[PDB]
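One chain follows as structure tokens, the form deposited in one PDB entry.
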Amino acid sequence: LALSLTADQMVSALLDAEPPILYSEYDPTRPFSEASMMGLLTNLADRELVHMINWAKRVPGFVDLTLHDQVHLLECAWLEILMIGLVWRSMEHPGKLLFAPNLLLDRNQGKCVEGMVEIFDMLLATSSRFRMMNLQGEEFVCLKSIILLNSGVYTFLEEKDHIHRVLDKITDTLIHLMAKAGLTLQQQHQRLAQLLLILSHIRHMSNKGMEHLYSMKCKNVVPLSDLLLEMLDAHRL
């Protein structure tokens, strides 16, 4: 059970759960258009989602939930989850976003898609923030798990309590990692807060991205898969 895992066991489970890094279908034989660029991001998301499901199923506590609650949490969090992964992957590529190894873009390329550059800039800045804080992989996996369990939790009592118990275990794990790294007790609470406040900014970015995706759909820029249509539907634009 998730509640009987030690911090070290939680970290090991989450690290082993990590999804693979996928490549985009980038076609370097033609120039980008707004449509073709959006097409790459939605196609990449669509393939990543299948792997996200496999990952979520391995997040301690997630399999205890009903299918409806699992659906709800993923519907809520999917873009946040993609974006935290992006910002993580992009840390050691200052000024660029590593959507995939074959799709490493700077802000002038993001400019190709009308209305995407504000989001692009927020993502770059978030990546820089993680770089400055020297975010560790062990911290990153805790944060991504937090997003999955938290983003949809309030919009569902016993199921909720279980979820809140698992979230508490992840907090414990973060603090453990910080103590392990030699942070003072004060530094531990301060870094915990700094990391969790970044999650508010990731939510912000996801909401702005979701509104942008809805515009792309409603302007017939890109065809969305049936999965992305349903993911988008859940955000009720």
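Think of the rigid core as the biggest set of C-alphas that the two forms share within 1.5 Å after superposition. From 1 onward, residues are counted along the sequence shown. Residues that one form lacks are left out of the comparison.
Beyond the structure shown, there is the form deposited in another entry, which is absent from this document and is the topic of what follows.
After superposition on the rigid core, the C-alpha displacement between this form and the one not shown reaches 2 Å or more for just one residue among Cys218, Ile21, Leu15, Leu227, namely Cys218. Once the rigid core is overlaid between this form and the one not shown, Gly182 does not reach a Cα shift of 2 Å, moving by less than that. Inter-residue distance, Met216 to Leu82 (Cα): increased by at least 3 Å in that other deposited form versus the depicted form.
Compared with the form shown here, the C-alpha atoms of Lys217 and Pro20 sit at least 3 Å farther apart in that other deposited form. Listed in sequence order, the runs of at least 3 residues with C-alpha movement of 2 Å or more between this form and the one not shown, after fitting the core, are 26 to 32, 215 to 219.
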